[PDB]
Amino acid sequence: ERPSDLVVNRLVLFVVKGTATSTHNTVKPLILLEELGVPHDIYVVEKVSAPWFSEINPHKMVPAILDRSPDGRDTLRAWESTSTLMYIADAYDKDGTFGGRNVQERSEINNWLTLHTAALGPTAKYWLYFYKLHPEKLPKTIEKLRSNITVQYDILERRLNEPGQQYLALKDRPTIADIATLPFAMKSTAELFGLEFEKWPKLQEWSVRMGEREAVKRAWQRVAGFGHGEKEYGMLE
Amino acid sequence: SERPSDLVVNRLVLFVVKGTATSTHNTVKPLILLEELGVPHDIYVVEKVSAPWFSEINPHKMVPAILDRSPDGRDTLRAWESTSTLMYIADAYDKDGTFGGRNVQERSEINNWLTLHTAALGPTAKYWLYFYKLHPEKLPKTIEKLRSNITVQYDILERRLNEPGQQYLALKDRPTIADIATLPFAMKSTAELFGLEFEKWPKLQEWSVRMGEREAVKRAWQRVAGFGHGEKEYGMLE
């Protein structure tokens, strides 16, 4: 049984209370919602271990989405941060502004998106797990994962040194590939990993360019604030 | 970084390496989809993924990778990361959405189960194999934690395949790119490599056998084993 306040009248984005450590994945769908002006609700989950929540996301993490299907016959769900980006682009990005408008654009968007999904994302997750969460400190494992993060920064730096390559996938504009990558490739995150972000100058310039976008600024403000307003948990007003 | 003499793109080219038990579990994924759809393609056996010419195709320096003609045939495009190669082949060659999804509802579930593989079991299995075989020092505590994380992913797949009428991971009715992406890391032979008893996940095991019985899947496993062991060892196969 769902909490009485969980109703799906529009896209519902599931988050947790905003902290330094709780927002690097939930901000991704929120950036795209803000870029496209998608109507949406925010649901602050007190416990991702709650049985009702595992019915939405069997991986028991945020972000997750519930939404009405286009014809209204079904409740759709999206989970895994990359999947939430794919879902929002499919349902709401009519012109392929962030998803890609042709096979050529989508080929590069999916390359750079999937590189984040399979390489930097899981490597960063494992680094954080062994650094902070694992009951025993395994420094040789932590060092290897940190090394692998620098290799991923090297790949992104190479790409952003290519002539006219202002964004990761497309030369001309940011895509879901850039949105997926940004939270794991910005100065604050590099510093958490014990790295000097200045050692990847084109990647740092790209992170600042992304950070100056009004939708990205709004997304970071909102994700920090969730659960700290008039309502702590549940459907926000 | 000059391309080898024998690298031409007249149709889809799939980049692979010499076939072994542990070199084919990602390259087999696009090959299954190419076999399912009957997409004309060439096979290119890469001797060294560290070669500069190859990093101009895939900056991550791994197989699988694809070069193909653009839809209008005036340009060449690339796909790399096994999940990206599946998304590309579905975009360019699955116009009916038989494997990619026919509508927003179907694609929502396909992308959930495909991304779960891309983010969780895929990278966890890659790190398991890295620390087990490739890392110069054995780190058994790390290897054990990664093995434990594989069982947690098997538990999620098992839960899904116990849902009423849920014969495949994404859709009830037919296999999709989510099923193709998952299969090589969720079959008895791979479970045994990980030191797991695959019988502990009965609906997952039954699903792996149902996928394995498909003619396209049999053809893909058959071919991927043989690449680099024929009359031509490296380069464009005939």
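With that out of the way, let us pick up the pattern of salt bridges. If you walk through the whole model with that rule in mind, you get 34 salt bridges over all chains. With a closest N to O distance of 2.6 Å, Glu 232 of chain A and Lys 17 of chain A form a salt bridge. Here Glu 232 of chain A, found in the loop between helix 9 (214–225) and strand 5 (234–235), pairs with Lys 17 of chain A, found in the loop between strand 1 (11–15) and helix 1 (27–36); they are 215 residues apart in sequence, far enough to count as distant. Its relative accessible area of 25% is what places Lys 17 of chain A among the partly exposed residues. Across the salt bridge formed by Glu 109 of chain B and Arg 160 of chain B, the nearest N and O atoms sit 3.3 Å from each other. Separated by 51 residues along the polypeptide, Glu 109 of chain B in helix 4 (residues 104–134) and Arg 160 of chain B in helix 5 (residues 140–161) bring together distant segments of the chain. For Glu 109 of chain B, a relative accessible area of 8% translates into the label buried. One network of salt bridges, in which partners are shared, links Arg 77 of chain A together with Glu 109, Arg 160 and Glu 163 of chain B.

With that settled, the discussion passes to the environment of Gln 166 of chain B. Residue and element names in this part refer to chain B. When you line up the elements, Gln 166 lands in the loop between helix 5 and helix 6 (177–182). As for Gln 166 and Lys 203, which are separated by 37 residues in sequence, their C-alpha atoms are 9.9 Å apart. In this structure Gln 166 touches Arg 160, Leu 161, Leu 171 and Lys 172, once residues within four positions along its chain are discounted. Among the polar contacts listed, one links the side chain of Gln 166 to the backbone oxygen of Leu 171, at a separation of 3.5 Å.

What follows concerns the UniProt feature "domain: GST N-terminal" (unreviewed entry) in chain B. The feature "domain: GST N-terminal" (unreviewed entry), as given by UniProt, occupies residues 14–97 of chain B in the numbering adopted here. In the segment residues 14–97 of chain B, helix accounts for 31% and strand for 21%; the C-alpha atoms at its two ends are 21 Å apart.

A few words on the packing of helix 4 (residues 103–133) of chain A against helix 4 of chain B. Here helix 4 of chain A crosses helix 4 of chain B at 60 degrees, and the two axes come no closer than 9 Å. In terms of orientation, helix 4 of chain A and helix 4 of chain B fall into the oblique class. Along this stretch, helix 4 of chain A crosses helix 4 of chain B, giving a crossing that reads as right-handed. Of helix 4 of chain B, the residues touching helix 4 of chain A (which contributes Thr 114, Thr 117, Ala 118, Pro 122, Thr 123 and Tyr 126 of chain A) are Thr 115, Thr 118, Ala 119, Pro 123, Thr 124 and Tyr 127 of chain B. For the contact of helix 4 of chain A with helix 4 of chain B, the residue count by class is six nonpolar, six polar and no charged.

Our next topic: the sheet that holds strand 4 (residues 76–80) of chain B. Residue and element names in this part refer to chain B. In spatial order, the strands read 4-3-1-2-5; together these five strands make up an open sheet with mixed pairing. The sheet terminates laterally at strand 4 and strand 5 (235–236), the two strands that pair on one side only. Two strands pair when backbone bridges link them, and strand 3 (residues 65–69) and strand 4 are joined in this way by five bridges, in the antiparallel orientation. Opposite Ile 66, over in strand 4, you have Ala 79 as the bridge partner. With respect to the sheet, helix 1 (residues 28–37) is in contact with strand 1 (12–16) and strand 2 (41–45), its orientation differing from that of strand 1 by roughly 150 degrees.

This part is about the interface of chain A and chain B. On the side of chain B, 49 residues touch chain A, which itself brings 47 residues to the contact. When the two sides are added together, the surface that chain A and chain B hide from each other amounts to roughly 4200 Å², 59% of it contributed by carbon and sulfur. Seen at the junction of chain A and chain B, the total is seven salt bridges. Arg 78 of chain B is the partner of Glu 108 of chain A in a salt bridge, and the nearest nitrogen-oxygen pair spans 3.0 Å.

A few words on the sheet that holds strand 3 (residues 64–68) of chain A. Residues and elements named next belong to chain A. Taken in spatial order, the five strands of this open sheet run 4-3-1-2-5, and their pairing is mixed. Each of the sheet's edge strands pairs with one partner strand only, and the pair in question is strand 4 (75–79) and strand 5. The sheet contact formed by strand 2 (residues 40–44) and strand 5 spans two bridges and is antiparallel. Among the inter-strand pairings, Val 44 is bridged to a residue of strand 5, identified as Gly 234.

Summed over the entire model, instances satisfying the criterion amount to three cavities of 30 Å³ or more. Size it by volume and the largest cavity reaches roughly 80 Å³. Elements that contribute at least two residues to the lining of the largest cavity include exactly helix 3 (81–92) and helix 4 of chain A together with helix 3 (82–93) and helix 4 of chain B. Per-element accounting of the lining of the largest cavity gives the leading share, four residues, to helix 4 of chain B. Classifying every residue of the lining of the largest cavity by side-chain character gives four nonpolar, seven polar and no charged. A volume near 50 Å³ is recorded for the second largest cavity. Around the second largest cavity, the lining residues are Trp 112, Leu 115, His 116, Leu 120, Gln 152, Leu 156, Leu 168 and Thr 181 of chain A. The set of elements that each furnish at least two residues to the lining of the second largest cavity consists of helix 4 and helix 5 (139–160) of chain A. Counting residues per element, the lining of the second largest cavity draws most heavily on helix 4 of chain A, which supplies four residues. Here the lining of the second largest cavity is composed, by residue class, of five nonpolar, three polar and no charged.

Right, let's talk about the environment of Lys 126 of chain B for a bit. Tracing the backbone through its elements, the reader meets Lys 126 of chain B in helix 4. Along the backbone, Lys 126 of chain B and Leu 146 of chain B are 20 residues apart, and their C-alpha atoms lie at a distance of 9.5 Å.

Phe 14 and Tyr 153 of chain A together with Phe 15 and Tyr 154 of chain B are the most contacted members of the largest nonpolar core, which totals 155 residues. Top contributing element to this core by residue count: helix 4 of chain A, with 12 residues. When sequence neighbours within four positions are dropped, the list of residues in contact with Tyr 153 of chain A reads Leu 120, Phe 184, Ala 185, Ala 190, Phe 193, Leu 195, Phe 197, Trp 200 and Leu 203 of chain A.

All names here are of chain B. Within strand 3, four of the five residues are buried, which leaves it mostly tucked inside the rest of the structure. Bridge analysis of strand 1 against strand 3 gives three bridges, and the strand direction is antiparallel. Along strand 3, the bridge assignment pairs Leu 14 with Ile 66. Between strand 3 and strand 4, which follow one another and run antiparallel, lie six residues, and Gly 73 among them has a positive phi close to 80 degrees.

Calculation notes
- Residues numbered from 1 in each chain as written, not as in the entry; some residues may be left out.
- Chains lettered and ligands numbered in written order.
- Heavy atoms only, no water.
- Salt bridge = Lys/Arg side-chain N within 4 Å of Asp/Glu carboxyl O.
- Helix = DSSP H or I, 4+ residues; strand = E, 2+ residues; numbered from the N terminus.
- Buried < 20%, exposed > 50% of the residue type's maximum accessible area, 1.4 Å probe, protein only.
- Contact = heavy atoms within 4.5 Å.
- Polar contact = N/O pair within 3.5 Å; in protein donor to acceptor, adjacent residues only side chain to side chain.
- UniProt positions renumbered as here; feature names shortened; annotations may be inferred.
- Axes fitted to C-alpha atoms, helices over the stretch in contact; angles between N-to-C directions.
- Parallel < 35°, antiparallel > 145°, perpendicular 65-115°, else oblique.
- Left-handed = near helix turned anticlockwise from the far one by under 90°.
- Nonpolar A, V, L, I, M, F, W, Y, C, P; charged D, E, K, R; others polar.
- Pairing = 2+ DSSP bridges.
- Buried area = accessible area lost by both parts, 1.4 Å probe.
- 1 Å grid on protein atoms, 1.4 Å probe; cavity = no way out; pocket = protein on both sides within 12 Å on 5 of 7 lines; lining within 4 Å.
- Points joined across faces, edges and corners; volume = space filled by probe spheres on them.
- Core = buried A, V, L, I, M, F, W, Y, C linked by side-chain atoms within 4.5 Å.

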